[PDB]
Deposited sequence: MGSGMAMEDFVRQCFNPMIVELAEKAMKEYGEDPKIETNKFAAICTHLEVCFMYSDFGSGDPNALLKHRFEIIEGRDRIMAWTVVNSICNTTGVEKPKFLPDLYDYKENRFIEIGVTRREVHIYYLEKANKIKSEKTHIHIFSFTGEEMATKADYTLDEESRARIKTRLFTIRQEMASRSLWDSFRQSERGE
């Protein structure tokens, strides 16, 4: 089952967070399994991305309840002067001095890029596929190659584990 795989392939903190995220908004991870899998996969990227950092470079925003995430965002604007977003993003960059929206997609990276860019407004956008393909505003990929390489391998691995269990098709197609 998709669901089994999620518990079997993600650190509980991430599963627990993804469950909480879904079940609060009234979604069943036992039914909406592929969303469950996707939500986990996103958090993890986000956490990975965050913790590949000026010792501490990134502010993690995804993961937090909405009260916290907006505190962290309101705190950040007051002290740096960068514009407040209309939509909570995934990260802030304390070096390059901008918020980051992380996209993960099982479609072409340029398509999921444009969707993102459409929704927003001075947020750096960085998209990862599961084919180890990326795309980021002004092709500024924000991170040293070794860090970007770990994400791509992870996402690829998650693709390939799904495919062991005949899941990739379900998942690829439900975006």
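Trainee: Lining up the deposited sequence with the coordinates, I want the ranges that have no C-alpha atoms.
Mentor: Seq positions lacking coordinates: 1 to 5, 59 to 65, 133 to 134, 190 to 192.
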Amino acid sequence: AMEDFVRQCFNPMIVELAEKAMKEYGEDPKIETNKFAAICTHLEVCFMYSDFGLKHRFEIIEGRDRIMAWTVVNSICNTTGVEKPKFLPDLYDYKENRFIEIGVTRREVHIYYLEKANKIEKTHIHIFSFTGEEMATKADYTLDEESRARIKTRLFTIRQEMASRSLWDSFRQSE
From here on, numbers count along this sequence of modelled residues.
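Rigid core here is just the name for the largest C-alpha set that superposes within 1.5 Å across the two forms.
Trainee: Between 29 to 37 and 121 to 129, which has the larger RMS C-alpha deviation from this form in 7 other deposited structures of this protein after core superposition?
Mentor: Clearly, after the core fit, the stretch farther away in 7 other deposited structures of this protein is 121 to 129.
Trainee: Say the other structures are aligned on the rigid core; which stretch then has the higher CA RMS in 7 other deposited structures of this protein, 101 to 109 or 67 to 75?
Mentor: Larger mean C-alpha displacement, comparing 101 to 109 and 67 to 75 in 7 other deposited structures of this protein, is found in 67 to 75.
Trainee: Take the C-alpha B-factors listed in the entry for 160 to 168 and for 21 to 29, compute each mean, and give the stretch with the larger one.
Mentor: Looking at the recorded C-alpha B-factors, 21 to 29 comes out higher on average.
Trainee: Is the mean CA B factor in the deposited entry higher across 57 to 65 or across 31 to 39?
Mentor: Comparing averages over the C-alpha atoms only gives 57 to 65.
Trainee: In terms of recorded Cα temperature factor, pick the maximum from 134, 115, 44, 145.
Mentor: Largest recorded C-alpha B-factor: 145.
Trainee: Based on the entry's values, in what third of the chain does the Cα temperature factor of residue 129 lie: lowest, middle or highest?
Mentor: Tercile = lowest for this residue's CA B-factor.
Trainee: Lowest, middle or highest third of the chain for the C-alpha temperature factor of residue 97?
Mentor: Highest third of the chain for residue 97's C-alpha B-factor.
Trainee: In terms of the CA temperature factor given in the entry, to which third of its chain does residue 149 belong: lowest, middle or highest?
Mentor: Middle third - that is where residue 149 ends up once the chain's C-alpha B-factors are sorted.
Trainee: Please place residue 80 in the lowest, middle or highest third of its chain by C-alpha B factor as given in the entry.
Mentor: Ranked within chain, residue 80 CA B lands in the highest tercile.
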